[PDB]
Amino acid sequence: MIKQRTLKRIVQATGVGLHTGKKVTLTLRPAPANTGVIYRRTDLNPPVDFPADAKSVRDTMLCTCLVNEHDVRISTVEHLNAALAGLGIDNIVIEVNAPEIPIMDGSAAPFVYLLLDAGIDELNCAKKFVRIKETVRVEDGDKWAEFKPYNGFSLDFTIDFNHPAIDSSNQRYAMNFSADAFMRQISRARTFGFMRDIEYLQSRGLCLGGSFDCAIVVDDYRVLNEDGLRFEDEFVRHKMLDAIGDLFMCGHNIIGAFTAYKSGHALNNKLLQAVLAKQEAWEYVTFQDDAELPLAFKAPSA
């Protein structure tokens, strides 16, 4: 059978919150079958749990947040969420003693190492996949996102950037998903922002953890980070990272073809909810014999 996975052991890391600028301790814990991904704030007393759910998502000015029934929040979950998808973790408890997940270097890579430290435990319960059956499309003016039937998981992302530091040949990225491909091509791609906007946010006591160490920062003309970019098309690779984290909010790997033009957190989530709400458009599937498992969702080599 192709089994659900959780962590072998509890692991922990610290880092700075993007918003508060304060030290945040992150703890990742194993969890039983079918419980899914649960974000938990332990700064509040009692602790507050936020099950990863497409309906709970809110796209804030910076990054994304989950909310509960009373509009308490936990922010900056999507990069870590992308690593969960990348490594094929299905059940996990993620705790922070703060209102946000630490920003780290702005990519998913530090979470990759952290998850590898924790190990993998297979649970005796079938892993459920969401298989696309109808074509579903959502749009926001010029922008659109869609899913299409496909015996795999592919992503085709076009960003439209008329910034001098983003050349024409670097506005589109396409990949067939796999754990290895995510770790190698995507996980290290950093978030990015505009210096004047960051400056402004900080003059109002926001984005206090922002630094060159946690983001690519550009002014009107160029990248300001002294080491420059990790990839020539780092910007769009990061948007792909963000899309993987957005889609994994439903807690399941999706078998289908993802395509988006100028999409982002709001639209990708809008697609995720549109797909799920349209009952005929999708179905759960499991794999009794491993050999049925499409290559995209094979266990990571590492």
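Numbering starts at 1 and runs along the sequence shown.
The stretch with the higher mean CA B factor, choosing between 293-301 and 3-11, is 293-301. Per-stretch averaging of Cα B factors for 268-276 and 232-240 places 268-276 on top. Per the PDB entry, 62 shows the highest C-alpha temperature factor of the residues 62, 67, 247, 31. Of the candidates 221, 111, 212, 161, the PDB record gives 161 the highest C-alpha temperature factor. Split the chain's modelled residues into thirds by C-alpha temperature factor. Residue 157 is in the highest one.
Annotation for residue 169: CA B-factor lies in the highest third of the chain's modelled residues. Ranked against the other modelled residues of its chain, the C-alpha B-factor of residue 44 as given in the entry falls in the lowest third. In this PDB entry, the Cα temperature factor of residue 56 sits in the middle third of its chain's modelled residues.
For residue 95, the recorded CA temperature factor ranks within the lowest third of the chain's modelled residues.
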